[PDB]
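Peer 1: sequence? don't have it. structure:
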């Protein structure tokens, strides 16, 4: 298994500010073909998970302009450029490289 | 297929919720696309497959409908959002455009 | 794109259930589908994934052997048969379609659209 | 990154000819559904011609037997060979790229063709 | 023939490996091939087998869905694609020739030629 | 597959004498007691017909000039078919006739025939009368059009006449229990038609398909113990001649003169 | 399908060994036998329950009957110390025994 | 002895997609062509070899029965010398075609409330198919200079697109089952 460790587990943010999330992978998630096989999911309270970012930095469809991902090899970062009153909820990183798909524990985002 | 848009001329204030409808003569079932054209500029694709937003278009544009009636909804009007909007029949061989709604910021 | 799931409810430890995901509004013959469960207050864990037309089916090690995944492409229905259910399977189960269809767009990879989840409650 | 640049329009007398260009950077012309779309002054869009990736071409009935669409695979360029231009051909032409179920996503800036 | 395995090396669990078995002569076309592994302190364990034409493939239940055997009689070589590697997959892997052409004949012969195996280590 | 057995055996061919043999019904016309003179392809009387015996069984590709006469002594089912064709390779369709024990399979594919095509034979100890036949005839066989299944064609002498006329592959057969010591008998027998397959291919060469047992196994040879039983098969060649075929009252050809 | 072998057998040099293999109706199938010296590749010594490959001495004699397959090494020599593996097929799936070691004192 | 299987092709509950079109070779039987020409249920019956009423009095070396589903607006392209997405990238009739094509509206079967996404046509290809070429490959189509690396994205498209058949569709966009008999002497009436 590829253990994925997130940080922080809670992230109190005043809306309008920028926010960052991190994911450490025990393997190198690089180049099944040249990409970084890591996805970011947001689960809103009481909703189903929705894809945010795939292959490290590529935004999924319908995802606003502020959700940008980064990082190569083992260190990956989500950056919400400006937090709004609707981004609260848990965020999961995920390795999409090997057939046991491990998520993170889930950075819960809230409002200060 | 004779595509008809309505209304042809429109006016609304900033922040108003605007609904634009393009009517299909027979029924195409998703095969519509929505374009925006500024005065003197090139058309910008907004919504392909009659509901799916093209990448880079703000999430305040929503498309709806299937078959005969389709709708372009701007969930919040903007002062730069004045242009002419066109529907197109996708997956057709005449590439049928509409006449075009000239949306105007009141 | 719609993913409506059937089945789910209350069963007995060691019993067997069947989960059905009904896909509409997209091809589903050219996509790979996932099952991801979430125990109450524990977070997402992957369960199984199947390829475009069956054949390639992958399972999480904690369900390997007990759970079987299958799809009926004429019915556009994704199935998951639960066997010998434990008390550690109490979770809300989501079907999820893979985002891409290329080679190295892995059947277990990015999940574009999820369902609303059906709860499975092993209890007595 | 992805751009279509058009050039070659101008003033031309009725019955005469003119060729339009479409320089594509990023997009392979020889692998795409490349179209030409025109818009008369103060009027709506109107599809003119399309060339498939395989080599098939098609034309609007208002244009058949006059215009000819063609591509140069070496320079990654698209041509629309106009001929016998009537006064109803006074329009601004855009070379688009068509994707079928996906719309015409990329567009050129436009070339304005006058008739007098 | 004389068989020579290659391709076995250290790999982390979940990783992948591809072994190779090149035959000395071209009589390799007349042989069903078998893969056999040997855990470092245990007995021989049959993994998979392919027939002379390649139309008849059977695996062990412990590798079904993960290992994929193949051959190319034009290159007189045998292959094993080894995906979703587990720790219990560490072993010395032998390639052996049956002698029978089809599965209906495998039981009439023994694995008469054995290439010196290749060591596969699967460790975190 | 394709284990090759033709190591070095290069004996010069031997000829027996097909006394009065290979006289088939060259027609579908019933005739009463009448001496009808036919002019078709025939195996001439008292001709030298080449003999193939186990000595084991060089079994080479033979010319299919205008049509062949095939005989076998074969007290055990060891002759198993033939692989008529032009190139006996890919890119050219070839004809394969194989019968197991209760059924005959005919196929016209682009076979990639081995250099020494034959069928392995094994009897499982659980049920001795098994004859588990393994194919070592072709390595690839695909993209084909004709596939016909019927009851099997086959000291129990058997006689065959193959000919390829205007797109048809015509087979005439006659199976006879025989007491004579080694060679073809003397009693006149008239072959009669089995099948007329609309194969429509060009045939210039043919080879017989044998059934070999594995007597022992050296670890790597694949050519170790392929014993070939004990049989003999004769290939004659049909020449265009004029016979005088005496018909019986019932329409059987009791006699002929060259 | 399973095959059962005794972990070890020990015989003095010059004696005769007997390595046995048991399985559910193993006598209705063919049982191969392999000899593996310490740290070497296995060598087939008995196939089809009685037949040896060419080059295998005639003292390697095997038999199969009922649910038991036995291998017999008459005149056991010091060169015979090796593990021995019973082998069979079951619905086109190969099956090896546990592996009987043979210690020639 | 018995008829050639003209009920297996014209009456199957399940046809294929135009990209992966079926083909059945028909040989060594007797064909009752009178079940087709006098059926009164076909929208298209256009023959390019010999006359349809005069069909079961000619013997042929071999017969093929290609069958698939397309829009009604694209039956135009199932003919020799035609062009379009179906003709270029899905099914190409040789311009020396001997045989004929049979199409009949199947909106009652192949259209589903809310779309029927099980039928696919190939939309992206570099070059046109050869006559009677089949193409069932699904590699990502590089519509740009950048290599795709097997990742469907921008300028890298999955080549198959789905007919969204809907019972509300116009008659040109409704599904049409198509059978394309080709002739090339083992079969006749």
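Peer 2: Nice, thanks for sending it over. Numbering: from 1, shown residues only, chains lettered A, B, ... in the order given.
Peer 1: Pull the number of nearby residues for the spatially closest residue to residue F:65 that is not a sequence neighbour.
Peer 2: In space, and not counting its chain neighbours, residue F:65 is closest to residue F:237: 5.2 Å by Cβ to Cβ, 6 or more residues apart in numbering or on different chains. Where C-beta positions appear, they are placed from N, C-alpha and C, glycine not excepted. With neighbours defined by other Cβ atoms under 10 Å in any protein chain shown, the count for residue F:237 comes to 19.
Peer 1: part of a strand, is residue A:27?
Peer 2: No - counting by DSSP: H, G, I helix; E, B strand; the rest coil, one finds residue A:27 to be coil, located in no strand.
Peer 1: can you count the residues close to the closest residue to it other than its chain neighbours?
Peer 2: Spatial nearest neighbour of residue A:27, chain neighbours left out: residue A:2 (4.6 Å); criterion: Cβ to Cβ, 6+ apart. Burial measure for residue A:2: 20 neighbouring residues, criterion other Cβ under 10 Å.
Peer 1: For residue A:2, give me its contacts.
Peer 2: A:25, A:26, A:27, A:29, A:95, A:97, A:98, A:100, A:102, E:14 (Cβ atoms under 8 Å, 6 or more residues apart in numbering or on different chains).
Peer 1: same check, this time on residue F:103
Peer 2: F:149, F:150, F:151, F:152.
Peer 1: What parts of chain G come near chain E?
Peer 2: G:29-30, G:32-34, G:36, G:41-44, G:46-48, G:53, G:83, G:85, G:87-89, G:92-99 (Cβ under 8 Å from any Cβ of the partner chain).
Peer 1: okay, which residue is most central for the chain?
Peer 2: The chain I'm using is chain A. residue A:40 (3.3 Å; Cα atoms, centre = their mean).
Peer 1: Sorry, I should have been clearer: chain H.
Peer 2: Central residue of chain H (Cα atoms, centre = their mean): residue H:68, at 3.9 Å.
Peer 1: isn't that residue right up against residue H:14?
Peer 2: No - using Cβ atoms under 8 Å, residue H:68 makes no contact with residue H:14, being 11.6 Å away.
Peer 1: still on that earlier bit, phi, psi for the residue nearest to the centre of chain A please.
Peer 2: For residue A:40, the backbone dihedrals (degrees, to the nearest 10) come out as phi -120, psi 130.
Peer 1: Spatially central residue for chain G, please.
Peer 2: residue G:33 (4.1 Å).
Peer 1: Could you find the closest non-adjacent residue to that one?
Peer 2: residue G:46 is the one closest to residue G:33 (Cβ to Cβ, 6+ apart), at 3.8 Å.
Peer 1: ok, the one you found - contacts?
Peer 2: Going by Cβ under 8 Å, 6+ apart, residue G:46 touches E:110, G:31, G:32, G:33, G:52, G:56, G:60, G:61, G:62, G:71.
Peer 1: Show the buried residues in those residues.
Peer 2: Neighbour-count burial (16 or more other Cβ atoms under 10 Å in any protein chain shown) applied to the contacts of residue G:46 gives E:110, G:31, G:32, G:33, G:52, G:56, G:60, G:62, G:71.
Peer 1: Let me know the distance separating residue H:14 from residue C:73.
Peer 2: Taken as Cβ to Cβ, to the nearest Å, the spacing of residue H:14 relative to residue C:73 amounts to 11 Å.
Peer 1: rewinding a little: reformat the contacts of residue A:2 as CSV; add neighbour count.
Peer 2: Converted to CSV, the contacts of residue A:2 look like this (neighbours: other Cβ atoms under 10 Å in any protein chain shown):
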residue, neighbour count
A:25, 24
A:26, 15
A:27, 19
A:29, 27
A:95, 27
A:97, 24
A:98, 23
A:100, 19
A:102, 22
E:14, 20
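Peer 1: would you list every one of the strands in the chain?
Peer 2: With no chain named, the answer covers chain A. Using DSSP state E, the strands of chain A run over residues A:4-7, A:10-13, A:19-25, A:38-43, A:49-54, A:58-59, A:67-70, A:75-80, A:89-95, A:107-111.
Peer 1: meant chain H actually
Peer 2: With DSSP E as the criterion, chain H has strands spanning H:22-26, H:29-30, H:44-47, H:63-71, H:99-105, H:120-122, H:141-142, H:156-157, H:160-162, H:175-183, H:187-188.
Peer 1: Check chain G too.
Peer 2: G:8-11, G:17-22, G:32-36, G:43-46, G:60-65, G:68-73, G:82-90, G:93-96, G:100-104.
Peer 1: Export those as a markdown table, with columns for distance to residue H:123.
Peer 2: Formatted as a markdown table, the strands of chain G follow (distance: least, Cβ to Cβ, whole Å):
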| stretch | distance to residue H:123 |
| --- | --- |
| strand G:8-11 | 68 |
| strand G:17-22 | 61 |
| strand G:32-36 | 56 |
| strand G:43-46 | 57 |
| strand G:60-65 | 63 |
| strand G:68-73 | 62 |
| strand G:82-90 | 50 |
| strand G:93-96 | 45 |
| strand G:100-104 | 64 |
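Peer 1: Any idea which of these gets closest to residue A:79?
Peer 2: strand G:93-96 (53.6 Å; Cβ to Cβ).
Peer 1: which helices and strands sit right next to that closest one?
Peer 2: strand E:33-38, strand E:44-50, strand G:82-90 (3 or more Cβ pairs under 8 Å, 6 or more residues apart in numbering or on different chains; DSSP states H and E).
Peer 1: center of chain F - which residue?
Peer 2: By Cα atoms, centre = their mean, the most central residue of chain F is residue F:70, 4.9 Å off.
Peer 1: Am I right that that one is in a helix?
Peer 2: No - going by three-state DSSP, the assignment for residue F:70 is strand, not a helix.
Peer 1: So which bits of stretch F:116-127 are buried?
Peer 2: F:116, F:117, F:118, F:119, F:120, F:121, F:122, F:124.
Peer 1: List the contacts of it.
Peer 2: E:101, E:105, E:107-108, F:2-6, F:59, F:80, F:83, F:98, F:129-138, F:207, F:209-214, F:226, G:28, G:30, G:49.
Peer 1: Give me the nearest residue to residue G:47, chain neighbours excluded.
Peer 2: Per Cβ to Cβ, 6+ apart, closest to residue G:47 is residue E:110, 3.5 Å.
Peer 1: and chain H, which of its residues are near chain C?
Peer 2: Counting by Cβ under 8 Å from any Cβ, chain H sits next to chain C at H:14, H:114-115, H:117-118, H:120, H:138-140, H:148-153, H:156, H:158, H:160, H:162.
Peer 1: returning to what we had before: would you list the buried entries among the residues of chain G next to chain E?
Peer 2: G:29-30, G:32-34, G:36, G:41-44, G:46-48, G:53, G:83, G:85, G:87-89, G:93-99.
Peer 1: Farthest from the middle of the chain: give me that residue.
Peer 2: The chain I'm using is chain A. residue A:33 (21.0 Å).
Peer 1: should've been chain G
Peer 2: residue G:91 (21.4 Å).
Peer 1: Quickly note the distance from residue A:87 to residue A:80.
Peer 2: 6 Å.
Peer 1: tell me, what's touching these two both at once?
Peer 2: In contact with both residue A:87 and residue A:80: residue A:19, using Cβ under 8 Å, 6+ apart.
Peer 1: Skipping adjacent residues, who's closest to residue H:34 in space?
Peer 2: residue H:56 (6.3 Å).
Peer 1: With residue H:47 instead?
Peer 2: Per Cβ to Cβ, 6+ apart, closest to residue H:47 is residue H:100, 3.5 Å.
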